[PDB]
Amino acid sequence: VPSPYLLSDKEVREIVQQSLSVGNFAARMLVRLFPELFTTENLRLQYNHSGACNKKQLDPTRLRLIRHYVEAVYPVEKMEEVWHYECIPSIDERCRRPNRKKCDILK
């Protein structure tokens, strides 16, 4: 039984399941890993990921950790949904696709 204060894989999976997209997932992980920037003081407004536009740069270590979760956990968690809702219907579409569109057959 590891420390309850660590960011566990289980929680991360829950956040994947809650996200609306991989980008939205990254944003949610940003909030989860940078709580100090998301208080009422809204220090977030002083940062972007690269320190561009005269702003402060987000901690690259935590950014790196977010990236790690995007590549290691997100795809495994989303695989079934992606396969079932994007891949499968695309496959069927390719199978049933007409050589000529009806609107172009009529004319």
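Heads up: residue numbers just count along the shown sequence, starting at 1.
- Annotation for 53 to 61 versus 76 to 84: the higher mean temperature factor (C-alpha) is found in 53 to 61.
- Stretches 6 to 14 and 85 to 93 differ in mean C-alpha B factor, with the higher average recorded for 6 to 14.
- Among all modelled residues in this chain, the alpha-carbon of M29 has a temperature factor (C-alpha) in the lowest third.
- Among the modelled residues of its chain, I66 has a C-alpha B-factor that falls in the lowest third according to the deposited record.
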